[PDB]
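Peer 1: Let me begin by handing over the structure; questions about it come next.
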Amino acid sequence: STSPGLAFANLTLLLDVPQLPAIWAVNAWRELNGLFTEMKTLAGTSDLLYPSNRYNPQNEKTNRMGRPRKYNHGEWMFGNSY
Amino acid sequence: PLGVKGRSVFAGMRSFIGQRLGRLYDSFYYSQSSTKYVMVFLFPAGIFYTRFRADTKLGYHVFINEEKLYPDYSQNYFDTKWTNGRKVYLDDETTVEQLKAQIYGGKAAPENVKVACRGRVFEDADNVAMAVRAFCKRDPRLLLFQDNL
Amino acid sequence: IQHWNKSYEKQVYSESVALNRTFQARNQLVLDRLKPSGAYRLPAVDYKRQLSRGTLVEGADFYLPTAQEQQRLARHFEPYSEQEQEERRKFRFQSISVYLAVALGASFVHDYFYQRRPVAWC
Amino acid sequence: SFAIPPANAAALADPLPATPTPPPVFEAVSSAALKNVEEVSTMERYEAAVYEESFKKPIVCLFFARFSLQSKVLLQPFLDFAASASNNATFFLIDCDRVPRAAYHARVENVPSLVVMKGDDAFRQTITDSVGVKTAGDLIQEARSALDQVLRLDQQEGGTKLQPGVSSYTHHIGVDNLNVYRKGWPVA
Amino acid sequence: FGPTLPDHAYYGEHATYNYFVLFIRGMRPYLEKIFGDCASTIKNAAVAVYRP
Amino acid sequence: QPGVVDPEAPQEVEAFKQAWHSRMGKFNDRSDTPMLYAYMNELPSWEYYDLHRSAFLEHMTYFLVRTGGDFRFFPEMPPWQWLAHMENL
Amino acid sequence: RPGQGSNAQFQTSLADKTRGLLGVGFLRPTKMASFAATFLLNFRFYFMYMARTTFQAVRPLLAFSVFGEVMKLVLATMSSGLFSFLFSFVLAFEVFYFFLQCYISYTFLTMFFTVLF
Ligand SMILES: CCCCCCCCCCCCCCCCCC(=O)OC[C@H](COP(=O)([O-])OCC(O)COP(=O)([O-])OC[C@@H](COC(=O)CCCCCCCCCCCCCCCCC)OC(=O)CCCCCCCCCCCCCCCCC)OC(=O)CCCCCCCCCCCCCCCCC
Ligand SMILES: CCCCCCCCCCCCCCCCCC(=O)OC[C@H](COP(=O)([O-])OCC(O)COP(=O)([O-])OC[C@@H](COC(=O)CCCCCCCCCCCCCCCCC)OC(=O)CCCCCCCCCCCCCCCCC)OC(=O)CCCCCCCCCCCCCCCCC
Ligand SMILES: CCCCCCCCCCCCCCCCCC(=O)OC[C@H](COP(=O)([O-])OCC(O)COP(=O)([O-])OC[C@@H](COC(=O)CCCCCCCCCCCCCCCCC)OC(=O)CCCCCCCCCCCCCCCCC)OC(=O)CCCCCCCCCCCCCCCCC
Ligand SMILES: CCCCCCCCCCCCCCCCCC(=O)OC[C@H](COP(=O)([O-])OCC[N+](C)(C)C)OC(=O)CCCCCCCCCCCCCCCCC
Ligand SMILES: CCCCCCCCCCCCCCCCCC(=O)OC[C@H](COP(=O)([O-])OCC[N+](C)(C)C)OC(=O)CCCCCCCCCCCCCCCCC
Ligand SMILES: CCCCCCCCCCCCCCCCCC(=O)OC[C@H](COP(=O)([O-])OCC[N+](C)(C)C)OC(=O)CCCCCCCCCCCCCCCCC
Ligand SMILES: CCCCCCCCCCCCO[C@@H]1O[C@H](CO)[C@@H](O[C@H]2O[C@H](CO)[C@@H](O)[C@H](O)[C@H]2O)[C@H](O)[C@H]1O
Ligand SMILES: CCCCCCCCCCCCO[C@@H]1O[C@H](CO)[C@@H](O[C@H]2O[C@H](CO)[C@@H](O)[C@H](O)[C@H]2O)[C@H](O)[C@H]1O
């Protein structure tokens, strides 16, 4: 059964084996988010997307750090400024 | 005699899963109501929520400079006072204004309140995640202070 | 005293009747519908009931799968077939050569494929 | 600490002794083999049945006891049901005190009890009245329904879909530990 | 209101003839087949590589 | 298995049996040093009847009368119908 | 019918059946909360056991290391012959004490790592 010398393993099991479903769920959610990101990239984007990055806020009116783009009021002959 | 002709290993798997599920239902039925519901739904659910929130979202330890800037939590229950060092989980789209409103309970906040991390002031129209990434990488301790100067 | 205690008993029994009615209702509504069939019941009987039946056995923490292995101590003349004897004669000692070879291979793999760490270069 | 004394001469004595029979006057009352069933009196016969005939074609076993009046009431209609459906299944008549290991095997807790078996774990349906509301007719109707169900399932899916379950690896050892001897496992 | 639970709901299983040991002794043949096939495949590959 | 010359001896067999029984008892039995007896709100049949001898008598007389039978067929858990009838009586 | 006489007494009210569906005197959320509290409080035994186990495991290490450091201080400080003659016996006593601590630890560890099943 068990014993005082197995307290380490008992505690570890009781506190960790219930977390394995959540760990697997987190892994699956990460896979799905990656799939959606890749589908969006294939569809097309104005500015690029960093796949393995936490957040990608860049758009036509926003930098890759969440700030407004400088020198973006007018239009440019070569198209997008990026 | 292993296996039978005409039957498939997938059918065997299905039968085994059915047996397991029926046995689980029987064992749950013939059990104490005081323990089974808790141990099977409430601890798993809470553990799942906590682990998912920790491993998916990103949190920040919030502090406030002065006591006069503390919010009014006298009405809401289970928290009748502000404590500095509070862990706050946010979404990647959250801004400084949204954070301030969440802190002050959607009520009138003091004047000229601003957020800083490692001594560096954030703009109110800035994403918290990216601002932290830039100024305090892997040190999300935020401070709310009053910028009169 | 007398009257109050007897009325206490009477109200206790009223509460008992209420509890019994709700018990009947709970059962015949929920439990008679959710009751398992019995096909997936527990495939065992408690050791106390087995002991009362005179059926309990305690021994053989181990087992012998094959009858060839079960009847060895009873045959008395051919515990092992000739082919089995010839096969057994190959394991009179442990193979330190095989031990050494496997240990060297495993150490090589573990050290130069699984336990590589960086080192400075000047 | 828990213990039960081993046994007594009374417990080990013959559970089914003979009793005096009355003359042909007490039988005169207001309410006044079998060629279709098999009376079982040996666990050897019961195991032979359950392990070969139950795999060939289904079996229906009536577990009874002499003290029970429901068993006497149910005997005759069971014999009629046997005469009816003896072509599709086998029919056995077991006494719990004469062959207890057969009752422990079928997991019977009350008498009388019908047990429809096929494969020994593929389809085991037990019919009884643990409350005391049903009657012989209701029990026989439930038995007919169970026999119909098992026959339909056996015909379903080219004879398959009825395979033994836990008995494939348990050998009914948790139910009756004496099967270790049958399996040849040691007991030291 | 009486007992609602059976004895096996509380009492521990047999010590030496338990559910898992019976299950694993029943699965032994399939596991032997599986692992023997895997080991034979690996050994045949290694031998085909080593002999030449 | 022990490293004795004869593990199949009657002494070894009886020692193993006694150890078996003592282990099972120390694990399952209700004692002052309980292992498994814990978090008890709904008791099983055996412990229930061992602690409440009044109910064993009532539940037994009702079984013998409601169903003319032997104590050897005493059910593990009685039906709620029987319990309700007992309460009414 | 056999059981109709008893089943006729089983006639419930609408409120009775609603109360049964809700499980008033059979779910006992107070009992569930008591169980949760007791189960969470029962985690102190693991900490007690691990503390005892670690102490009994490190006892010989302590006897071998810290008393050794003390002996080494004495050796580093002493120069004469009489004190050294007298200190040799202290060293031997430390040997015996180490073996005693090892025996004690062996006993307590075979007690703490003994499982019935
Ligand atoms: C979201 C909300 C979540 C909340 C939950 C919601 C519901 C979800 C389902 C429940 C999930 C929790 C499962 C708990 C079960 C165990 C604990 C318990 O309380 O059980 C008591 C419950 C009642 O038991 P009981 O009342 O005390 O006595 C009755 C016996 O159990 C009756 O026994 P039996 O006679 O009927 O049969 C014997 C039984 C024996 O069960 C037992 O008695 C104990 C089982 C041992 C458990 C721990 C074993 C750990 C072993 C270590 C593994 C080391 C592997 C090393 C490999 C090295 C090789 C490289 O056989 C088994 O079922 C065990 C099989 C698996 C053992 C595998 C071990 C390795 C052997 C491999 C064998 C070959 C594979 C199988 C092939 C089968 C044919 C296809 O047990 C059971 O009902 C059956 C045992 C459980 C079997 C598993 C059932 C499926 C579980 C699925 C888990 C997946 C979760 C992930 C979900 C996805 C999330 C993202
Ligand atoms: C790339 C694909 C994936 C990778 C796969 C790579 C290739 C492997 C494929 C799979 C296996 C081969 C398949 C084809 C086989 C075809 C030929 C054939 O059929 O027969 C085999 C073939 C011929 O068999 P045979 O015809 O019956 O005749 C055999 C001879 O008569 C001789 O019989 P014997 O009775 O005389 O046995 C000789 C034995 C002699 O007996 C002994 O084993 C005594 C010594 C045991 C040492 C302690 C064992 C600890 C085990 C830990 C294992 C895990 C360690 C972690 C792994 C990484 C280690 C760095 O020596 C050994 O061979 C065993 C060596 C064990 C490894 C040594 C590990 C280091 C020990 C360190 C101890 C010192 C500690 C202090 C260090 C400080 C030093 C300053 O010989 C073998 O290959 C033997 C297989 C060796 C397997 C290991 C022994 C079993 C131990 C089990 C340990 C637990 C493992 C758990 C497994 C995973 C969980 C399920
Ligand atoms: C007294 C005893 C006498 C002894 C005599 C000795 C003299 C005899 C000559 C042999 C001398 C021993 C040579 C040992 C290896 C070289 C030394 C060494 O280990 O340096 C470390 C060095 C470590 O690499 P690293 O980049 O610095 O860092 C490693 C980290 O793991 C990197 O970290 P990471 O995170 O990037 O992980 C990447 C990892 C990722 O790995 C993985 O993710 C999984 C690995 C694969 C698992 C299996 C998955 C299944 C898919 C693969 C299927 C393979 C089976 C085929 C299946 C066919 C069906 C589709 O990638 C790999 O490590 C690839 C490993 C390549 C293994 C495959 C090569 C064949 C293996 C069999 C060779 C047999 C030689 C026997 C020699 C005779 C000894 C008696 O090794 C290498 O650079 C790679 C070795 C490339 C092979 C070179 C082979 C030529 C040299 C040997 C000459 C003889 C060739 C004979 C060929 C026979 C036909 C096969
Ligand atoms: C992948 C890493 C695994 C490494 C660790 C595990 C050990 C490695 C060895 C393989 C593990 C699996 C061994 C299975 C042995 C059982 C064989 C057997 O015959 O069992 C009886 C079953 C039931 O048979 P049956 O009852 O239908 O018919 C035969 C009846 N008898 C036995 C009486 C003759 O047979 C099978 O159908 C095969 C089952 C094994 C195949 C599935 C593997 C199980 C492991 C996965 C568990 C999850 C199941 C759900 C999967 C869903 C997939 C989408
Ligand atoms: C490398 C890792 C190696 C480690 C192995 C890792 C894998 C295996 C780890 C297993 C060890 C942990 C197992 C602990 C299991 C404890 C959980 C448990 O038994 O529950 C407590 C309850 C407690 O019951 P109890 O309270 O009556 O009795 C428990 C014990 N005593 C008597 C001492 C109190 O157990 C059960 O009764 C049910 C268990 C089976 C059900 C399991 C959950 C799934 C349920 C799904 C069915 C849902 C039906 C819903 C229907 C609703 C309407 C009715
Ligand atoms: C359930 C399991 C219970 C487990 C209980 C565990 C408790 C006991 C654990 C104590 C382990 C201590 C051993 C390590 C310390 C010695 C290190 C060493 O070898 O030095 C190198 C020694 C001494 O070398 P040296 O001093 O001559 O010179 C080189 C030393 N170095 C390398 C360190 C610089 O190597 C030897 O040559 C020793 C050979 C003689 C044999 C010595 C062993 C006996 C002394 C230790 C006994 C301890 C166990 C007592 C158990 C009593 C139980 C009743
Ligand atoms: C039966 C199969 C079950 C397999 C497991 C499947 C996963 C189940 C849980 C999915 C949770 C979905 O719910 C969703 O979770 C993610 C992650 O917390 C949240 O999303 C959060 O993280 C992601 C990543 O930055 C962003 O959307 C955003 O930063 C934030 O909102 C959503 O606000 C919430 O709506
Ligand atoms: C003679 C042929 C015998 C056949 C043997 C084939 C075995 C091949 C298995 C190789 C698996 C190695 O797996 C790999 O191990 C190395 C350590 O060395 C790890 O290496 C890791 O740590 C090192 C050191 O910090 C860094 O280079 C880096 O962070 C990362 O590569 C990898 O994270 C792991 O993926």
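In the structure tokens, chains take the letters A, B, ... in the order shown, each chain's residues start at 1, and ligands count up from 1 in the order shown.
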List the spatial neighbours of segment 51-59 of chain B as a ChimeraX atom specification - criterion: any atom at most 8 Å away, only C-alpha atoms, same-chain residues fewer than 3 positions off excluded.

Peer 2: /A:19,22-23,25-26 /B:47-48,87-91,140

Peer 1: Mind listing the residues within 7 Å of ligand 2, only C-alpha atoms and all ligand atoms counted, as a PyMOL selection string?

Peer 2: (chain C and resi 90-91+93-96+98-99+102-103+106-107+110) or (chain E and resi 39-40+42-43)

Peer 1: Could you make a table, as JSON lines, of the residues of chain C that have an atom within 10 Å of an atom of ligand 3, each with its nearest atom pair and distance in Å to one decimal, counting only C-alpha atoms and all ligand atoms, in chain and number order?

Peer 2:
{"residue": "C:101", "atom": "CA", "partner": "ligand 3", "partner_atom_place_in_ligand_line": "2 (C)", "distance": 8.0}
{"residue": "C:104", "atom": "CA", "partner": "ligand 3", "partner_atom_place_in_ligand_line": "2 (C)", "distance": 8.8}
{"residue": "C:105", "atom": "CA", "partner": "ligand 3", "partner_atom_place_in_ligand_line": "80 (C)", "distance": 8.2}
{"residue": "C:108", "atom": "CA", "partner": "ligand 3", "partner_atom_place_in_ligand_line": "19 (O)", "distance": 7.5}
{"residue": "C:109", "atom": "CA", "partner": "ligand 3", "partner_atom_place_in_ligand_line": "19 (O)", "distance": 7.1}
{"residue": "C:110", "atom": "CA", "partner": "ligand 3", "partner_atom_place_in_ligand_line": "31 (O)", "distance": 9.6}
{"residue": "C:111", "atom": "CA", "partner": "ligand 3", "partner_atom_place_in_ligand_line": "19 (O)", "distance": 8.8}
{"residue": "C:112", "atom": "CA", "partner": "ligand 3", "partner_atom_place_in_ligand_line": "21 (C)", "distance": 5.3}
{"residue": "C:113", "atom": "CA", "partner": "ligand 3", "partner_atom_place_in_ligand_line": "31 (O)", "distance": 4.2}
{"residue": "C:114", "atom": "CA", "partner": "ligand 3", "partner_atom_place_in_ligand_line": "31 (O)", "distance": 5.7}
{"residue": "C:115", "atom": "CA", "partner": "ligand 3", "partner_atom_place_in_ligand_line": "31 (O)", "distance": 8.1}
{"residue": "C:116", "atom": "CA", "partner": "ligand 3", "partner_atom_place_in_ligand_line": "30 (C)", "distance": 6.9}
{"residue": "C:117", "atom": "CA", "partner": "ligand 3", "partner_atom_place_in_ligand_line": "28 (O)", "distance": 9.4}

Peer 1: For the selection just defined, write its residues with N, CA, C and O atoms to a file, as a JSON list (two decimals), in the first residue's frame.

Peer 2:
[["chain", "number", "residue", "atom", "x", "y", "z"],
["C", 101, "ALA", "N", 29.32, -5.45, -22.81],
["C", 101, "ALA", "CA", 28.99, -4.89, -24.12],
["C", 101, "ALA", "C", 27.79, -3.96, -24.04],
["C", 101, "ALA", "O", 27.82, -2.83, -24.54],
["C", 104, "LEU", "N", 28.63, -0.76, -22.06],
["C", 104, "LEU", "CA", 29.44, 0.18, -22.83],
["C", 104, "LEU", "C", 28.62, 0.86, -23.91],
["C", 104, "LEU", "O", 28.73, 2.07, -24.12],
["C", 105, "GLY", "N", 27.78, 0.10, -24.62],
["C", 105, "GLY", "CA", 26.92, 0.72, -25.62],
["C", 105, "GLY", "C", 25.99, 1.75, -25.02],
["C", 105, "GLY", "O", 25.84, 2.86, -25.54],
["C", 108, "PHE", "N", 27.94, 4.84, -23.94],
["C", 108, "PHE", "CA", 28.30, 5.64, -25.10],
["C", 108, "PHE", "C", 27.12, 6.47, -25.58],
["C", 108, "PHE", "O", 27.23, 7.68, -25.80],
["C", 109, "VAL", "N", 25.96, 5.82, -25.75],
["C", 109, "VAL", "CA", 24.78, 6.53, -26.23],
["C", 109, "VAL", "C", 24.37, 7.61, -25.24],
["C", 109, "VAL", "O", 24.17, 8.77, -25.61],
["C", 110, "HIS", "N", 24.25, 7.25, -23.97],
["C", 110, "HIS", "CA", 23.80, 8.18, -22.95],
["C", 110, "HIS", "C", 24.73, 9.37, -22.81],
["C", 110, "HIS", "O", 24.27, 10.48, -22.50],
["C", 111, "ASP", "N", 26.02, 9.18, -23.04],
["C", 111, "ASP", "CA", 26.99, 10.25, -22.84],
["C", 111, "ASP", "C", 27.15, 11.14, -24.07],
["C", 111, "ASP", "O", 27.29, 12.36, -23.92],
["C", 112, "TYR", "N", 27.13, 10.57, -25.27],
["C", 112, "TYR", "CA", 27.44, 11.32, -26.48],
["C", 112, "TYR", "C", 26.23, 11.59, -27.35],
["C", 112, "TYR", "O", 26.38, 12.12, -28.45],
["C", 113, "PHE", "N", 25.03, 11.23, -26.90],
["C", 113, "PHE", "CA", 23.82, 11.59, -27.63],
["C", 113, "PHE", "C", 22.79, 12.26, -26.73],
["C", 113, "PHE", "O", 22.04, 13.13, -27.17],
["C", 114, "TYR", "N", 22.75, 11.86, -25.46],
["C", 114, "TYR", "CA", 21.72, 12.32, -24.54],
["C", 114, "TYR", "C", 22.22, 13.28, -23.46],
["C", 114, "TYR", "O", 21.40, 13.98, -22.87],
["C", 115, "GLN", "N", 23.52, 13.32, -23.20],
["C", 115, "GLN", "CA", 24.08, 14.12, -22.11],
["C", 115, "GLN", "C", 25.19, 15.02, -22.61],
["C", 115, "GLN", "O", 26.26, 15.13, -22.01],
["C", 116, "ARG", "N", 24.95, 15.71, -23.72],
["C", 116, "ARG", "CA", 25.91, 16.67, -24.25],
["C", 116, "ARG", "C", 25.62, 18.05, -23.68],
["C", 116, "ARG", "O", 24.47, 18.49, -23.64],
["C", 117, "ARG", "N", 26.68, 18.73, -23.26],
["C", 117, "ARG", "CA", 26.60, 20.07, -22.69],
["C", 117, "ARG", "C", 27.68, 20.95, -23.30],
["C", 117, "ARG", "O", 28.74, 20.46, -23.68]]

Peer 1: Could you find all residues in segment 10-43 of chain F that DSSP calls helix (DSSP H, G or I) from the backbone, and write them as a PyMOL selection string?

Peer 2: chain F and resi 10-28

Peer 1: Which residues are close to segment 17-29 of chain D, i.e. within 12 Å by only C-alpha atoms, leaving aside same-chain residues fewer than 2 positions away? Reply as a ChimeraX atom specification.

Peer 2: /D:13-15,31-32,66,97-98

Peer 1: Could you write out the selected residues, including N, CA and C atoms, as a tab-separated table (two decimals), in the first residue's frame?

Peer 2:
chain	number	residue	atom	x	y	z
D	13	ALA	N	-23.53	-31.49	7.10
D	13	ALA	CA	-24.46	-32.58	6.89
D	13	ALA	C	-25.21	-32.39	5.57
D	14	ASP	N	-26.03	-33.38	5.24
D	14	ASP	CA	-26.81	-33.32	4.01
D	14	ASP	C	-27.85	-32.21	4.11
D	15	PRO	N	-27.80	-31.18	3.26
D	15	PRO	CA	-28.79	-30.11	3.36
D	15	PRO	C	-30.18	-30.53	2.92
D	31	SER	N	-57.53	-26.62	-3.32
D	31	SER	CA	-56.69	-26.09	-4.39
D	31	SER	C	-56.10	-27.17	-5.29
D	32	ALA	N	-56.47	-28.43	-5.09
D	32	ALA	CA	-55.96	-29.51	-5.92
D	32	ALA	C	-56.80	-29.65	-7.19
D	66	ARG	N	-35.74	-25.56	-1.64
D	66	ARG	CA	-36.95	-26.27	-1.23
D	66	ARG	C	-37.82	-25.41	-0.32
D	97	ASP	N	-28.59	-25.30	-2.43
D	97	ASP	CA	-27.94	-26.03	-1.35
D	97	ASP	C	-27.27	-27.30	-1.84
D	98	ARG	N	-27.71	-27.85	-2.97
D	98	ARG	CA	-27.07	-29.05	-3.51
D	98	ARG	C	-25.86	-28.69	-4.35

Peer 1: Could I get the residue neighbourhood of ligand 1 at 6 Å, counting only C-alpha atoms and all ligand atoms, as an mmCIF file with C-alpha atoms, in the first residue's frame?

Peer 2:
data_model
loop_
_atom_site.group_PDB
_atom_site.id
_atom_site.type_symbol
_atom_site.label_atom_id
_atom_site.label_comp_id
_atom_site.auth_asym_id
_atom_site.auth_seq_id
_atom_site.Cartn_x
_atom_site.Cartn_y
_atom_site.Cartn_z
ATOM 1 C CA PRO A 21 -5.800 16.347 -18.333
ATOM 2 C CA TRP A 24 -3.029 17.775 -22.443
ATOM 3 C CA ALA A 25 -5.791 20.341 -22.958
ATOM 4 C CA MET B 13 -11.506 -1.801 -28.469
ATOM 5 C CA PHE B 16 -13.549 -2.788 -23.932
ATOM 6 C CA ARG B 20 -14.877 0.332 -18.722
ATOM 7 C CA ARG B 23 -18.035 -0.267 -14.681
ATOM 8 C CA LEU B 24 -17.227 3.373 -13.926
ATOM 9 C CA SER B 27 -18.870 2.278 -9.181
ATOM 10 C CA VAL B 40 -14.966 13.741 -9.265
ATOM 11 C CA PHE B 41 -16.232 17.182 -10.328
ATOM 12 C CA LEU C 42 -17.957 -5.747 -9.737
ATOM 13 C CA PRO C 43 -16.464 -9.146 -10.712
ATOM 14 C CA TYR E 19 -8.291 -7.139 -10.409
ATOM 15 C CA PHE E 20 -5.080 -5.874 -11.971
ATOM 16 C CA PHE E 23 -6.155 -8.567 -15.942
#

Peer 1: Once you count only C-alpha atoms and all ligand atoms, which residues end up within 9 Å of ligand 5, and could you hand them over as a PyMOL selection string?

Peer 2: (chain A and resi 13-14+17-18) or (chain B and resi 21-41) or (chain C and resi 30-31+34-35) or (chain E and resi 5+9-12) or (chain F and resi 35-44)

Peer 1: Please find the residues of chain A near chain F - the criterion being any atom within 12 Å, counting only C-alpha atoms - and write them as a CSV table (one decimal) with C-alpha atoms, in the first residue's frame.

Peer 2:
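Dumped to out_23.csv:
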chain,number,residue,atom,x,y,z
A,1,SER,CA,0.0,0.0,0.0
A,2,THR,CA,1.9,3.1,1.3
A,3,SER,CA,4.1,4.2,4.2

Peer 1: Show me, as a PDB file with N, CA and C atoms, in the first residue's frame, the residues that have an atom within 9 Å of residue 3 of chain G when counting only C-alpha atoms, minus same-chain residues fewer than 6 positions from it.

Peer 2:
ATOM      1  N   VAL D 131     -37.996  -7.617  -4.471  1.00  0.00           N
ATOM      2  CA  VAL D 131     -38.953  -6.852  -3.682  1.00  0.00           C
ATOM      3  C   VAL D 131     -40.107  -7.724  -3.213  1.00  0.00           C
ATOM      4  N   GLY D 132     -40.691  -8.495  -4.125  1.00  0.00           N
ATOM      5  CA  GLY D 132     -41.855  -9.297  -3.811  1.00  0.00           C
ATOM      6  C   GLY D 132     -43.116  -8.726  -4.418  1.00  0.00           C
ATOM      7  N   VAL D 133     -43.007  -8.221  -5.645  1.00  0.00           N
ATOM      8  CA  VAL D 133     -44.130  -7.638  -6.358  1.00  0.00           C
ATOM      9  C   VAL D 133     -44.495  -8.452  -7.592  1.00  0.00           C
ATOM     10  N   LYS D 134     -43.501  -9.013  -8.276  1.00  0.00           N
ATOM     11  CA  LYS D 134     -43.749  -9.769  -9.491  1.00  0.00           C
ATOM     12  C   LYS D 134     -44.379 -11.118  -9.155  1.00  0.00           C
TER      13      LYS D 134
END

Peer 1: Counting only C-alpha atoms and all ligand atoms, what residues are within 12 Å of ligand 6, given as number ranges by chain?

Peer 2: A: 5; G: 53, 56-65, 95-114

Peer 1: Using C-alpha atoms, can you write the selected residues to a file as a tab-separated table (two decimals), in the first residue's frame?

Peer 2:
chain	number	residue	atom	x	y	z
A	5	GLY	CA	8.65	7.03	3.51
G	53	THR	CA	12.19	10.49	6.91
G	56	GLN	CA	16.46	9.84	9.86
G	57	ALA	CA	18.21	9.79	6.48
G	58	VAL	CA	20.57	12.69	7.20
G	59	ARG	CA	21.41	11.70	10.80
G	60	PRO	CA	24.47	9.66	9.69
G	61	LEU	CA	25.53	12.38	7.25
G	62	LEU	CA	25.47	14.86	10.12
G	63	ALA	CA	27.41	12.55	12.44
G	64	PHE	CA	29.99	12.08	9.68
G	65	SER	CA	30.28	15.69	8.48
G	95	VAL	CA	33.63	6.08	15.02
G	96	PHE	CA	31.41	4.11	17.39
G	97	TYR	CA	28.83	6.91	17.50
G	98	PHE	CA	28.65	7.00	13.71
G	99	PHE	CA	27.97	3.27	13.63
G	100	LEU	CA	25.28	3.68	16.29
G	101	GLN	CA	23.58	6.43	14.30
G	102	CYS	CA	23.72	4.25	11.19
G	103	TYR	CA	22.04	1.39	13.07
G	104	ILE	CA	19.31	3.72	14.34
G	105	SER	CA	18.71	5.07	10.84
G	106	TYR	CA	18.56	1.56	9.38
G	107	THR	CA	15.95	0.59	11.97
G	108	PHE	CA	13.75	3.64	11.43
G	109	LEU	CA	14.06	3.38	7.64
G	110	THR	CA	13.05	-0.28	7.54
G	111	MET	CA	10.11	0.79	9.71
G	112	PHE	CA	9.17	3.66	7.38
G	113	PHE	CA	9.61	1.72	4.11
G	114	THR	CA	7.72	-1.42	5.16
